[PDB]
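Chemist: To start, I am sharing the structure in question, which I have written as structure tokens.
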Amino acid sequence: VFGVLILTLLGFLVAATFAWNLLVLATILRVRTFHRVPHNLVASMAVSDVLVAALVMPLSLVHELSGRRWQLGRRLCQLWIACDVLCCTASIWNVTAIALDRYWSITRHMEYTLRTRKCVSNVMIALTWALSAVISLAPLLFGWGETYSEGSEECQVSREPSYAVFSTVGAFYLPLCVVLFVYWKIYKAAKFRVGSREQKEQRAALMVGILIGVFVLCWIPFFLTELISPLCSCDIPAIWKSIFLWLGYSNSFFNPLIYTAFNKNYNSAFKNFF
Amino acid sequence: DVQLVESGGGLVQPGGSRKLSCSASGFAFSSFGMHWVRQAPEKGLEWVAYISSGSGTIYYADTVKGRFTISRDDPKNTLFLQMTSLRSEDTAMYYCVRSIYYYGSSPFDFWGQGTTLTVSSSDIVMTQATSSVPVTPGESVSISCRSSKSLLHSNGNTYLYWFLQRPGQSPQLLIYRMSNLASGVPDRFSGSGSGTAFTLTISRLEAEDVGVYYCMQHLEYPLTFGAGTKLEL
Amino acid sequence: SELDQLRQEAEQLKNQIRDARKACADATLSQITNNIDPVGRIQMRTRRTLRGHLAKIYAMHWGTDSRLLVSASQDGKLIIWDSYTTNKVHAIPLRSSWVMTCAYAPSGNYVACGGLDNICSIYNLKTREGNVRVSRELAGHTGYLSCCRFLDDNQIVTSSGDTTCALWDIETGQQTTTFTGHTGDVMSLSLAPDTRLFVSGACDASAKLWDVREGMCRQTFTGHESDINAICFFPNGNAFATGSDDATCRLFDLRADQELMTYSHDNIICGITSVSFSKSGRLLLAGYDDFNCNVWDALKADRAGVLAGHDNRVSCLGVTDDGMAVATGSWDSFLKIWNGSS
Amino acid sequence: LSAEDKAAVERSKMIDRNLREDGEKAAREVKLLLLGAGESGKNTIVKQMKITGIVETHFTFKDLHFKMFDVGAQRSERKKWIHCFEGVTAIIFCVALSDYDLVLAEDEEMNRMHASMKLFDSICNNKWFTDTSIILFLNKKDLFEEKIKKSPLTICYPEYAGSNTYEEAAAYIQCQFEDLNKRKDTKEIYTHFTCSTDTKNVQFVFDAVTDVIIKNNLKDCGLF
Amino acid sequence: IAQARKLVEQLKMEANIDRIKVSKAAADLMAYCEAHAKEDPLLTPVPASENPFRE
Ligand SMILES: NCCc1c[nH]c2ccc(C(N)=O)cc12
């Protein structure tokens with residue numbers, strides 16, 4: 001079943017994530033030139049990716065190595081579920097906050113000055129983290145099905161449809177719509193400004209399209225499956241669930257590539273460090 | 001020119017209250033911290049309250065704490081001391097003193113005329129050698145003083161201040177930090193000291209030099225003034 | 001023709017002076033200092049970091065007490081720092097924010113600053129009122145001011161972009177003396193320790209040693225290629241160092257009347273921004289446009305050490321009168337004081 | 001720390017607060033350079049905006065404040081002081097269209113238009129202004145139109161097609177001036193013809209500044 | 001020709017200075033540097049007790 005190749009690729013992905021996210025965080029914390037308001041959101045996103053790669057992805061890989069069975073501690077299964085949910089929601093809402101900051105800067109540059117920008121970005125980061133924590137800790141207090149009753153043989157997020165719909169809406173769908181709207185407005189504004197070059201429009205369109213496509217391809221399938229399952233008797237197979245979950249994890253790998261690889265300051269700092 | 005004019009005082013019933021108001025002109029009031037110093041009839045100086053620039057820090061004497069409150073209004077260049085529960089011992093002449101703090105600064109450089117207040121009907125102790133000594137023109141005199149605690153801070157600065165009060169006039173700063181002559185003071189005066197024993201010497205005495213000499217310590221609050229020494233012709 | 005005769009006489013005089021300089025060059029400093037004990041790797045650390053400037057810091061100067069420092073930046077605020085306790089003493093709001101030079105009086109009573117406004121403003125720091133106000137405005141220079149140095153509490157020498165220097169009496173505000181002879185813009189000044197002589201470097205790739213009292217150019221020194229940006233007198237007073245856009249420093253001796261030593265390295269391809277010696281003169285500290293400062297052996301020309309702690313080019317360098325520590329200011333708006341360790 | 005030391009620390013904190021407030025206040029002002037030659041009809045431009053050494057003019061538009069520096073009177077090597085203006089939002093260049101047939105006073109054959117072109121090339125292709133935009137103003141529209149009616153543009157541009165008309169000549173001049181931009185990918189030139197209506201010029205300057213700010217922000221987002 | 005006259009006069013005036021041999025100037029500079037090296041905090045770091053700029 002190509003187990004060796006899959007395991008090697010997954011380990012390479014984990015290593016690449018950890019390394020790139022830690023490098024980005026170190027570049028922010030070390031270089032004084034990066035101590036600016038727009039970089040705080042990037043730092044929060046890098047922290048979320050580091051948490052995903054250090055706490056979530058390794059445990060998920062260990063659990064999947066044995067299939068659908070769970071052999072870890074009773075409380076550690078709840079801790080892992082909470083960490084996974086919190087980190088995924090934090091990453092998604094950090095991307096949403098970055099998009100919102102870009103939209104505000106492009107559209108409201110007059111009223112979105114540094115004084116307003118600092119407070120708005122800090123509030124956005126705080127709200128992102130608070131909402132992620134609330135969504136992660138809700139299942140521990142509401143719903144059921146956190147772990148299998150057969151001696152904790154299984155470890156999964158709460159499958160309660162009432163909680164599932166709320167979590168899916170708050171975590172992804174609303175931020176997804178916000179991101180789509182703000183990026184559409186940003187693309188329209190950029191096209192209008194350039195109209196007032198061809199390589200230029202091509203660059204802007206390619207950036208927006210690749211960002212949106214990566215986000216959609218990585219996240220939409222998993223959240224759609226997780227929302228559909230509780231209401232279905234469809235009973236989607238576990239292999240598709242694992243594939244979609246690991247695509248959602250690979251969103252963490254792709255985020256630094258999108259947000260730092262194509263940024264002048266970030267790539268320049270990386271080249272200088274090398 | 002630099003000027004401070006105090007207002008408020010007179011007769012007050014025991015246990016009453018009133019707000020003393022001092023107007024400052026000729027200098028940037030907002031840049032100077034303010035002190036209130038009260039001298040009782042035929043007594044030495046006594047620190048009352050202090051308010052720093054911008055009202056960021058306020059200090060009171062234990063005999064003043066709670067009873068009197070100090071405030072400042074920068075735009076009108078005014079200083080206020082609201083006094084309540086006025087005890088019989090509060091009768092005195094109150095002076096407003098400006099002070100500026102920075103490397104090389106000379107705080108307490110200017111003293112206001114002050115106003116009279118009368119009623120109806122744990123710290124460093126500073127002492128002086130003698131209450132009064134004889135003086136003649138052209139002579140050399142050396143006043144001496146001591147402090148309970150050494151004023152030589154680890155930074156190397158000895159916080160000692162010498163003030164001269166003329167008969168019927170407010171005190172003026174002579175030497176600050178025990179080694180720096182105040183601006184405008186004649187070079188006749190010279191301060192010196194070590195740790196806890198300090199002395200102010202006059203190379204050649206002049207007729208105007210006669211007056212009441214006070215010593216002050218600025219190492220830590222409250223600011224204590226030693227008993228004045230009366231230099232009589 | 002008279003013009004041809006004058007040109008021929010000038011060429012003959014140039015030939016004679018160069019021949020005399022060649023003849024008097026019986027030896028070179030490198031050979032004599034070959035056997036001197038190398039200084040070794042000089043290591044320094046940033047003891048203090050002065051922050052508060054919100055723009056490029058263009059000039060700075062050390063007080064005679066070796067504790068107070070003065071800094072000027074394009075932000076528009078001239079800041080007096082307490083180096084020992086990194087405490088701000090005064091913040092003077094400048095009428096014109098286009099300031100490129102600043103000075104601190106030997107007595108510390110006055111501070112002079114100037115720049116593209118073509119006016120040297122002098123501020124009194126010891127007025128009865130507790131604020132700093134302009135005491136005098138020296139105007140008359142046709143170009144931007146480049147350097148300011150206080151001869152005393154009343155006399156100040158300033159160089160401008162009009163290729164001339166000037167000695168001003170502060171009390172009267174009138175140019176007591178005017179120094180002319182530089183065919184290019186003057187970039188820096190350096191008072192001799194005796195205070196009677198000074199030397200000015202210009203963009204014409206030359207330095208000129210003048211006489212304060214006689215108002216005349218006593219000597220000229222050449223050897224630089226593109227442009228001299230910095231100049232500093234050797235502590236003994238008989239020599240001075242010059243930094244240029246050629247990315248090399250040159251030591252000249254007034255008595256020798258020619259270059260003594262050249263400091264350069266293949267790793268530096270950027271011009272010199274500032275120059276200063278230590279108290280003994282053994283170390284020649286030069287700021288470089290490559291985001292760091294260098295230390296050269298004044299006798300052996302070996303690169304003793306590197307002071308690299310600035311995110312931008314080092315715009316100003318200064319050494320305390322006692323030589324305890326060396327302060328550097330860069331365009332990143334941070335001033336750092338460096339000192340050695342046992 | 002002693003009482004005097006604490007008071008000094010408090011004074012330093014107050015000074016730092018004042019410096020921060022002043023910096024925040026100054027960060028709201030747009031900084032613009034001003035350059036030209038032959039007086040470039042510059043007095044009219046500066047007095048429109050308003051309605052020795054550097055001259056600073058402050059003018060407030062409907063919703064933005066602008067600081068303009070006239071350093072054209074410095075008359076010294078730009079290499080030693082131009083770098084001071086690295087942070088300017090934009091550089092306003094002024095050119096008199098009448099200079100095509102005028103001969104520079106310091107010369108006898110070179111036309112003032114050639115000197116203006118050389119200055120524009122020097123300022124535009126500068127390492128300190130690679131990412132800084134230029135707003136180009138052509139002042140003497142009426143006088144240029146009067147001159148071209150009698151003097152052909154070929155007197156200054158032998159390569160010109162020789163079409164003696166106002167519109168074609170103006171377009172050719174604008175194209176020639178814009179061609180000097182060797183860093184089109186990093187900067188743009190907002191050419192405009194000055195008119196007696198002051199409000200039109202001020203509105204154009206404001207629009208150019210807004211476009212520059214929007215493009216800079218978008219480039220910050222990485223879309224550029 | 002006034003500028004040329006000034007240039008030639010300045011050159012004649014400057015060429016008459018009694019310049020000292022480079023070797024002698026270097027010798028005195030070296031002697032001064034050796035004598036004053038002991039009083040150089042930068043060249044010879046002072047103990048932390050005597051250094052005002054303590055950490
Ligand atoms: N690994 C996905 C964690 C997550 C983030 N948001 C969610 C929203 C819903 C559910 C779920 N299992 O219902 C899981 C998540």
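Chain labels run A, B, ... following the order of the structure tokens; each chain numbers its residues from 1, and ligands are numbered from 1 in the order shown.
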Quick one: residues within 9 Å of ligand 1, with only C-alpha atoms and all ligand atoms, as a PyMOL selection string?
Modeler: chain A and resi 56+81-90+92+132+135-136+156-161+163-172+222-223+226-227+229-230+245-246+248-249
Chemist: Write out as a list in words all residues of segment 5-230 of chain C that DSSP puts in alpha helix (DSSP H) for this structure's backbone.
Modeler: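 Across segment 5-230 of chain C, those assigned alpha helix (DSSP H) are residues 5, 6, 7, 8, 9, 10, 11, 12, 13, 14, 15, 16, 17, 18, 19, 20, 21, 22, 23, 24, 29, 30, 31 and 32 of chain C.
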Chemist: Please provide as a VMD selection string all residues within 12 Å of segment 16-19 of chain E, with the sequence filter that same-chain residues fewer than 4 positions apart are discarded (counting only C-alpha atoms).
Modeler: (chain C and resid 13 16 to 18 20 to 25 218 to 220 253 to 258) or (chain E and resid 9 to 12 23 to 25)
Chemist: Skip residue 74 of chain B itself and residues of its chain fewer than 4 positions away, then list as number ranges by chain all residues within 9 Å of it, counting only C-alpha atoms.
Modeler: B: 29-30, 54, 78-79
Chemist: With only C-alpha atoms as the counted atoms, please give the residues lying no more than 10 Å from residue 214 of chain A, apart from itself and same-chain residues fewer than 4 positions off, as a PyMOL selection string.
Modeler: chain A and resi 209-210+218-219+250-251+254-255+258
Chemist: Distance table requested - chain B against chain C, cut-off 7 Å, only C-alpha atoms: one row per qualifying residue with the closest atom pair and its distance in Å to one decimal, ordered by chain and rising residue number, as a Markdown table.
Modeler:
| residue | atom | partner | partner_atom | distance |
| --- | --- | --- | --- | --- |
| B:27 | CA | C:129 | CA | 4.7 |
| B:28 | CA | C:130 | CA | 6.0 |
| B:31 | CA | C:130 | CA | 6.4 |
| B:102 | CA | C:89 | CA | 6.1 |
| B:103 | CA | C:89 | CA | 6.9 |
Chemist: Set the distance at 10 Å and use only C-alpha atoms: which residues neighbour residue 78 of chain D once local chain neighbours fewer than 5 positions away are removed? I'd like the list as a VMD selection string.
Modeler: chain D and resid 71 83 122 to 123
Chemist: Could you check how far atom CA of residue 94 of chain B sits from atom CA of residue 160 of chain B, in Å to one decimal?
Modeler: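 Atom-to-atom, atom CA of residue 94 of chain B and atom CA of residue 160 of chain B are spaced 22.0 Å apart.
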Chemist: Need the shell around segment 163-165 of chain C: protein/DNA/RNA residues with any atom at most 10 Å away, counting only C-alpha atoms. Skip same-chain ones fewer than 5 positions apart. Format as a list in words?
Modeler: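 My list of contacting residues is residues 141, 142, 143, 145, 146, 147, 157, 158, 175, 177, 178, 179, 180, 181, 182, 183, 184, 185, 186, 187, 189, 200, 202, 203, 204 and 210 of chain C; 76 of chain D.
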Chemist: Kindly export the residues of the current selection with N, CA, C and O atoms, as a compact mmCIF listing (two decimals), in the first residue's frame.
Modeler:
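Result file follows (result_22.txt):
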# COMPACT_ATOMS: atom_id res chain seq x y z
N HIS C 141 26.80 81.98 5.08
CA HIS C 141 27.36 80.92 4.25
C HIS C 141 26.47 80.69 3.04
O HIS C 141 25.25 80.61 3.15
N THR C 142 27.10 80.58 1.87
CA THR C 142 26.37 80.38 0.62
C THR C 142 25.98 78.93 0.39
O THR C 142 25.20 78.65 -0.53
N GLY C 143 26.50 77.99 1.19
CA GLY C 143 26.20 76.59 1.02
C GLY C 143 25.86 75.94 2.35
O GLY C 143 25.96 76.56 3.41
N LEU C 145 26.05 73.83 5.68
CA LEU C 145 27.11 73.60 6.65
C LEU C 145 27.44 72.11 6.73
O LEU C 145 26.55 71.26 6.65
N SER C 146 28.72 71.81 6.90
CA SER C 146 29.21 70.43 6.95
C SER C 146 29.79 70.05 8.30
O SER C 146 29.65 68.90 8.72
N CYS C 147 30.45 70.98 8.99
CA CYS C 147 31.05 70.68 10.28
C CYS C 147 31.00 71.93 11.15
O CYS C 147 31.00 73.06 10.65
N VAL C 157 34.36 77.93 14.61
CA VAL C 157 34.82 77.74 13.24
C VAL C 157 33.86 76.76 12.56
O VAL C 157 33.58 75.69 13.10
N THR C 158 33.37 77.14 11.38
CA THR C 158 32.40 76.35 10.65
C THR C 158 32.80 76.26 9.18
O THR C 158 33.27 77.24 8.59
N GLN C 175 31.40 87.27 10.76
CA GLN C 175 32.51 86.42 10.35
C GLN C 175 33.82 87.15 10.65
O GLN C 175 34.21 88.07 9.93
N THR C 177 36.84 85.82 10.48
CA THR C 177 37.80 85.44 9.44
C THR C 177 37.13 84.53 8.42
O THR C 177 36.23 83.77 8.77
N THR C 178 37.58 84.62 7.18
CA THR C 178 37.11 83.76 6.10
C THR C 178 38.30 83.03 5.48
O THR C 178 39.28 83.67 5.09
N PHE C 179 38.20 81.71 5.39
CA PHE C 179 39.24 80.87 4.82
C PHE C 179 38.81 80.41 3.43
O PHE C 179 37.77 79.75 3.29
N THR C 180 39.62 80.74 2.42
CA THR C 180 39.34 80.39 1.04
C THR C 180 40.57 79.73 0.43
O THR C 180 41.70 79.94 0.89
N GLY C 181 40.34 78.94 -0.61
CA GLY C 181 41.42 78.24 -1.28
C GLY C 181 41.02 76.86 -1.75
O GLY C 181 41.64 76.29 -2.65
N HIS C 182 39.97 76.31 -1.14
CA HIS C 182 39.46 75.00 -1.53
C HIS C 182 38.65 75.13 -2.81
O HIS C 182 37.70 75.93 -2.87
N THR C 183 39.01 74.36 -3.83
CA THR C 183 38.29 74.37 -5.10
C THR C 183 37.05 73.48 -5.08
O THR C 183 36.30 73.47 -6.06
N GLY C 184 36.82 72.74 -3.99
CA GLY C 184 35.67 71.87 -3.88
C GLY C 184 34.98 72.05 -2.54
O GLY C 184 35.44 72.78 -1.66
N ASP C 185 33.85 71.35 -2.41
CA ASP C 185 33.06 71.43 -1.19
C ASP C 185 33.86 70.90 0.00
O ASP C 185 34.53 69.86 -0.09
N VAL C 186 33.78 71.61 1.12
CA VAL C 186 34.45 71.21 2.35
C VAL C 186 33.51 70.31 3.15
O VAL C 186 32.33 70.65 3.33
N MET C 187 34.02 69.18 3.62
CA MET C 187 33.18 68.16 4.24
C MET C 187 33.41 67.97 5.73
O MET C 187 32.50 67.48 6.41
N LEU C 189 35.93 69.17 9.52
CA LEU C 189 36.87 70.03 10.22
C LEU C 189 37.46 69.28 11.40
O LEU C 189 36.86 68.32 11.90
N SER C 200 41.06 71.22 7.17
CA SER C 200 39.77 70.97 6.54
C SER C 200 39.95 70.14 5.28
O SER C 200 40.77 70.47 4.43
N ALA C 202 38.24 68.51 1.77
CA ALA C 202 37.26 68.94 0.79
C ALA C 202 37.04 67.85 -0.25
O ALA C 202 37.82 66.91 -0.38
N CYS C 203 35.94 67.99 -0.99
CA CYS C 203 35.57 67.02 -2.02
C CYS C 203 36.54 67.03 -3.20
O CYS C 203 36.47 66.13 -4.04
N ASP C 204 37.43 68.02 -3.29
CA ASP C 204 38.44 68.05 -4.34
C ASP C 204 39.57 67.06 -4.10
O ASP C 204 40.60 67.13 -4.78
N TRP C 210 45.17 75.36 7.89
CA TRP C 210 45.07 76.81 7.93
C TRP C 210 45.61 77.35 9.25
O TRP C 210 45.95 76.59 10.17
N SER D 76 24.70 73.51 -4.91
CA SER D 76 25.87 72.75 -4.48
C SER D 76 25.74 71.33 -5.00
O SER D 76 24.67 70.91 -5.46
Chemist: Show me, as a PyMOL selection string, the residues of chain D whose atoms get within 12 Å of chain A, using only C-alpha atoms for the distance check.
Modeler: chain D and resi 20-21+23-25+27-30+63-65+184-186+188+190+207-224
Chemist: Could you turn the residues from that selection into a file that holds N, CA, C and O atoms, as a CSV table (one decimal), in the first residue's frame?
Modeler:
chain,number,residue,atom,x,y,z
D,20,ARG,N,7.9,60.8,21.3
D,20,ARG,CA,7.0,59.8,20.6
D,20,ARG,C,5.8,60.6,20.1
D,20,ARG,O,5.3,60.3,18.9
D,21,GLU,N,5.2,61.5,20.8
D,21,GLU,CA,4.1,62.3,20.4
D,21,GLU,C,4.5,63.1,19.1
D,21,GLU,O,3.7,63.2,18.1
D,23,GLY,N,6.8,62.5,16.9
D,23,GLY,CA,7.0,61.6,15.8
D,23,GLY,C,5.7,61.1,15.3
D,23,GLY,O,5.5,61.0,14.0
D,24,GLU,N,4.7,60.8,16.1
D,24,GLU,CA,3.4,60.4,15.7
D,24,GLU,C,2.7,61.5,14.9
D,24,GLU,O,2.1,61.3,13.8
D,25,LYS,N,2.9,62.8,15.4
D,25,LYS,CA,2.3,63.9,14.7
D,25,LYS,C,3.0,64.1,13.3
D,25,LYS,O,2.3,64.4,12.3
D,27,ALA,N,4.5,61.8,11.4
D,27,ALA,CA,4.3,60.7,10.5
D,27,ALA,C,3.1,60.9,9.6
D,27,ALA,O,2.9,60.2,8.6
D,28,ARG,N,2.2,61.9,10.0
D,28,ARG,CA,1.0,62.1,9.2
D,28,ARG,C,1.2,63.1,8.0
D,28,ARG,O,0.2,63.3,7.3
D,29,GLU,N,2.4,63.6,7.9
D,29,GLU,CA,2.7,64.6,6.9
D,29,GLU,C,3.4,64.0,5.7
D,29,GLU,O,4.3,63.2,5.8
D,30,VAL,N,2.9,64.3,4.5
D,30,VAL,CA,3.5,63.8,3.2
D,30,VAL,C,4.7,64.7,2.9
D,30,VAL,O,4.5,65.9,2.8
D,63,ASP,N,-8.2,66.7,2.8
D,63,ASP,CA,-8.1,65.7,3.8
D,63,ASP,C,-6.6,65.3,4.1
D,63,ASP,O,-6.4,64.4,4.9
D,64,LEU,N,-5.6,65.9,3.5
D,64,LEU,CA,-4.2,65.5,3.7
D,64,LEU,C,-3.4,66.8,3.8
D,64,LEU,O,-3.7,67.8,3.3
D,65,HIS,N,-2.3,66.6,4.5
D,65,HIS,CA,-1.3,67.7,4.7
D,65,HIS,C,0.0,67.4,3.9
D,65,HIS,O,0.3,66.2,3.7
D,184,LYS,N,11.3,51.7,-14.9
D,184,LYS,CA,9.9,51.8,-15.0
D,184,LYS,C,9.2,50.7,-14.1
D,184,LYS,O,8.1,51.0,-13.6
D,185,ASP,N,9.9,49.6,-13.9
D,185,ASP,CA,9.3,48.5,-13.1
D,185,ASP,C,9.2,48.9,-11.6
D,185,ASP,O,8.3,48.3,-10.9
D,186,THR,N,10.0,49.9,-11.2
D,186,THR,CA,10.0,50.2,-9.8
D,186,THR,C,9.4,51.6,-9.5
D,186,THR,O,9.1,51.9,-8.4
D,188,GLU,N,7.1,55.2,-11.4
D,188,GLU,CA,6.2,55.7,-12.4
D,188,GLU,C,6.3,57.3,-12.4
D,188,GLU,O,6.6,57.9,-11.4
D,190,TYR,N,4.1,60.7,-13.3
D,190,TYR,CA,2.8,61.3,-13.5
D,190,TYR,C,2.9,62.7,-14.1
D,190,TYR,O,3.0,63.7,-13.4
D,207,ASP,N,-4.0,63.4,-6.1
D,207,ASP,CA,-4.3,62.1,-6.7
D,207,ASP,C,-3.1,61.3,-6.9
D,207,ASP,O,-3.0,60.1,-6.7
D,208,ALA,N,-2.0,61.9,-7.4
D,208,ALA,CA,-0.7,61.2,-7.6
D,208,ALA,C,-0.2,60.7,-6.2
D,208,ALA,O,0.3,59.5,-6.2
D,209,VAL,N,-0.3,61.5,-5.2
D,209,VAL,CA,0.2,61.0,-3.9
D,209,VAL,C,-0.7,59.8,-3.4
D,209,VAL,O,-0.1,58.8,-2.9
D,210,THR,N,-2.0,59.9,-3.6
D,210,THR,CA,-2.9,58.8,-3.2
D,210,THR,C,-2.5,57.5,-4.0
D,210,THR,O,-2.5,56.4,-3.4
D,211,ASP,N,-2.3,57.7,-5.3
D,211,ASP,CA,-1.9,56.5,-6.1
D,211,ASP,C,-0.6,55.9,-5.7
D,211,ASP,O,-0.5,54.7,-5.6
D,212,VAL,N,0.4,56.8,-5.3
D,212,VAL,CA,1.6,56.3,-4.9
D,212,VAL,C,1.5,55.5,-3.6
D,212,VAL,O,2.1,54.4,-3.4
D,213,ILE,N,0.7,56.0,-2.6
D,213,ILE,CA,0.5,55.4,-1.4
D,213,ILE,C,-0.2,54.0,-1.6
D,213,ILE,O,0.1,53.0,-0.9
D,214,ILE,N,-1.2,54.0,-2.4
D,214,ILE,CA,-2.0,52.7,-2.7
D,214,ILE,C,-1.0,51.7,-3.3
D,214,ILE,O,-1.0,50.5,-2.9
D,215,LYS,N,-0.2,52.1,-4.2
D,215,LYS,CA,0.7,51.2,-4.9
D,215,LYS,C,1.8,50.7,-3.9
D,215,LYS,O,2.1,49.5,-3.8
D,216,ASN,N,2.2,51.6,-3.0
D,216,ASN,CA,3.2,51.2,-2.0
D,216,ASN,C,2.6,50.2,-1.0
D,216,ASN,O,3.2,49.2,-0.6
D,217,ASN,N,1.4,50.4,-0.6
D,217,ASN,CA,0.7,49.5,0.3
D,217,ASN,C,0.5,48.1,-0.4
D,217,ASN,O,0.8,47.1,0.2
D,218,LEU,N,0.0,48.1,-1.6
D,218,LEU,CA,-0.2,46.9,-2.3
D,218,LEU,C,1.2,46.1,-2.5
D,218,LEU,O,1.2,44.9,-2.3
D,219,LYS,N,2.2,46.8,-2.8
D,219,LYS,CA,3.5,46.2,-2.8
D,219,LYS,C,3.9,45.6,-1.5
D,219,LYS,O,4.6,44.6,-1.4
D,220,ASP,N,3.5,46.3,-0.4
D,220,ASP,CA,3.7,45.7,1.0
D,220,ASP,C,3.0,44.4,1.1
D,220,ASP,O,3.5,43.5,1.7
D,221,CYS,N,1.8,44.3,0.6
D,221,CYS,CA,1.1,43.0,0.6
D,221,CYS,C,1.8,42.0,-0.3
D,221,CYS,O,1.4,40.8,-0.2
D,222,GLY,N,2.7,42.4,-1.1
D,222,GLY,CA,3.4,41.4,-2.0
D,222,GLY,C,2.8,41.2,-3.3
D,222,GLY,O,3.4,40.5,-4.2
D,223,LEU,N,1.6,41.8,-3.6
D,223,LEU,CA,1.0,41.6,-4.9
D,223,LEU,C,1.8,42.2,-6.1
D,223,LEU,O,1.6,41.9,-7.2
D,224,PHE,N,2.7,43.2,-5.7
D,224,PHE,CA,3.5,43.8,-6.8
D,224,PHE,C,4.8,43.2,-7.0
D,224,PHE,O,5.3,42.4,-6.2
Chemist: Out of A:28, A:125, A:269, A:59, which residue has the shortest atom-to-atom distance to residue 41 of chain A when counting only C-alpha atoms?
Modeler: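 Checking each candidate against residue 41 of chain A, we get A:125 as the closest.
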Chemist: Tell me, in Å to one decimal, how far atom CA of residue 44 of chain C is from atom CA of residue 48 of chain E.
Modeler: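 Result for atom CA of residue 44 of chain C versus atom CA of residue 48 of chain E: 13.3 Å, one decimal.
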Chemist: With 7 Å as the cut-off and only C-alpha atoms counted, what is the closest atom pair between each nearby residue of chain D and chain B? Distances in Å to one decimal, ordered by chain and number, as a Markdown table.
Modeler:
| residue | atom | partner | partner_atom | distance |
| --- | --- | --- | --- | --- |
| D:2 | CA | B:219 | CA | 6.2 |
| D:3 | CA | B:220 | CA | 5.9 |
| D:4 | CA | B:101 | CA | 6.1 |
| D:7 | CA | B:101 | CA | 5.8 |
| D:8 | CA | B:102 | CA | 4.9 |
